[PDB]
Amino acid sequence: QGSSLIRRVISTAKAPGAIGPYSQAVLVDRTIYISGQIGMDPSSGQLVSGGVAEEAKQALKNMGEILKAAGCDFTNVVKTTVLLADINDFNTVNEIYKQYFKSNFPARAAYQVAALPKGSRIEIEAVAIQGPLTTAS
Amino acid sequence: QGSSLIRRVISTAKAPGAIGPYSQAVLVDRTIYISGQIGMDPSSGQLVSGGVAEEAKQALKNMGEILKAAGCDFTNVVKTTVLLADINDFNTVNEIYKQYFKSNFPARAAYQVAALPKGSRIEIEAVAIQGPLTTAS
Amino acid sequence: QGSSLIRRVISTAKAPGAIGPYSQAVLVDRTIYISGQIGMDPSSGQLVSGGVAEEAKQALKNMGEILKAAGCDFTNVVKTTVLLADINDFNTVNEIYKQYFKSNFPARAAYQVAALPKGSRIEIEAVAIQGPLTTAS
């Protein structure tokens, strides 16, 4: 090979510490693989109260802090996977999702799973690409 | 960085319009992240009739139109995820899958989920790489 | 384009032959997309006996052989998805996972699905990046 690709563990105390043997995200070259985020408060380590709407907000806030630690924001996200405890929460989740993904909407997969870590109602993973990016048509 | 990577929202009217805040696919540099495709008719916005076999055909047709809009075909796909409402549909789905993936078979994950958007019986996401590609051994 | 990216089907007889129309992994440029691995013995084609712990070990061994065939080991893995038949197996699976992922922990998503191929209790997919890699901070 002509290059040694730079791999970095992304880590920020403003998102919850890992609850298992994983990194919050891994950057390799320009691609950031972000772990599935759940609605855990970064301080208490427990899910925020209030159900799917509050959990979704917290999960996206956690994702935002991980992106920021990699020098990115939500405009760098190119793909997400939205894992739901209840498919009937899709409309509620989409409204919250739109508060964070305001442009350049990522590709997405969404589905209801049988269960999530910690009894969460939502988990969101993502792939982001470090800028600069040029958005054409 | 020495380059600004080109990010493009892939969009074609020959696949159904987005049912939420997502793009049909996002191309960034050479990598295309394709959203989970379900068996929705691009005109009516509703699932085709007939169950998993017809839905799988339509989902793959939708994926094919998105690939074509990115200057690709199914030979550019390197990974898929096949999400099933019923794991017992795997054999039926595989026969249809083979009508579209004729060579250079993608890596794949497959599993049964609890529920899919719109009560779909199958959702297929994919990663593709824009050519030219040289397939070695 | 200024380059034709090299795409290679990764194949090793030390991991089970494909049970459907997929490749064990696909390498394209430097990125390896590894199919969901289940606890199948490479010789018998059947799941190993003993439940989730033995299946997880076998699935990771299978993944290790695929990585080795691509000139990689577990340190090249940057993202995994751990699909469980039972979320309550997470702690057991994590202990086994740690026997293979000893450093540079991948990003991860984990959740319980409704069912897996062959009645498996665990399926693990992964993305790896071919070296050389330089791990910074």
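Think of each number as a place in line: the chain as shown, counted from 1.
Here the Cβ of each residue, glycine as well, is placed from N, Cα and C on the backbone.
Neighbour count (other Cβ atoms within 10 Å of the Cβ, all protein chains): 9 for A:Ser3 (N-acetylserine). The N-acetylserine feature in Swiss-Prot is assigned to A:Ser3; the stated evidence is a large-scale study or a structure entry.
Taken from Swiss-Prot, the feature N6-succinyllysine applies to A:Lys14 (among others). Taking the Cβ of A:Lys14 (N6-succinyllysine) as centre and 10 Å as the limit, one finds 13 other Cβ atoms among all the protein chains shown.
If you look up Swiss-Prot, you'll see A:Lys61 (among others) marked as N6-succinyllysine. Counting only residues at least six positions away in the same chain, no Cβ atom sits under 8 Å from the Cβ of A:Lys61 (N6-succinyllysine).
According to DSSP, A:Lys68 (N6-succinyllysine) sits within a helical segment. If you look up Swiss-Prot, you'll see A:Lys68 (among others) marked as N6-succinyllysine.
A:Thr75 (phosphothreonine) falls within a helical segment according to DSSP. Neighbours of A:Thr75 (phosphothreonine), defined as other CB atoms within 10 A of its CB across all chains, total 17. The phosphothreonine annotation in Swiss-Prot covers A:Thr75, and the record cites a large-scale study or a structure entry as its basis.
Long-range Cβ contacts of A:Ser137 (phosphoserine) within its own chain (separation 6+, distance under 8 Å) are none. According to Swiss-Prot, the feature phosphoserine maps to A:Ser137, an assignment based on a large-scale study or a structure entry.
DSSP assigns A:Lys61 (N6-succinyllysine) to a helix. Of A:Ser3, A:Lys14, A:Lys61, A:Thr75, A:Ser137, listed as modified residues, those near chain B by the criterion of a Cβ under 8 Å from one of its Cβ atoms are A:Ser137. Counting in whole angstrom, A:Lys14 (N6-succinyllysine) lies 10 from A:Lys68 (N6-succinyllysine) by their C-alpha atoms. Shown in sequence order, A:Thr12, A:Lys14 are the residues of the chain, 6+ apart in sequence, with a C-beta less than 8 angstroms from the C-beta of A:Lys68 (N6-succinyllysine). Here the CA atom of A:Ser3 (N-acetylserine) lies 28 Å from the CA atom of A:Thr75 (phosphothreonine).
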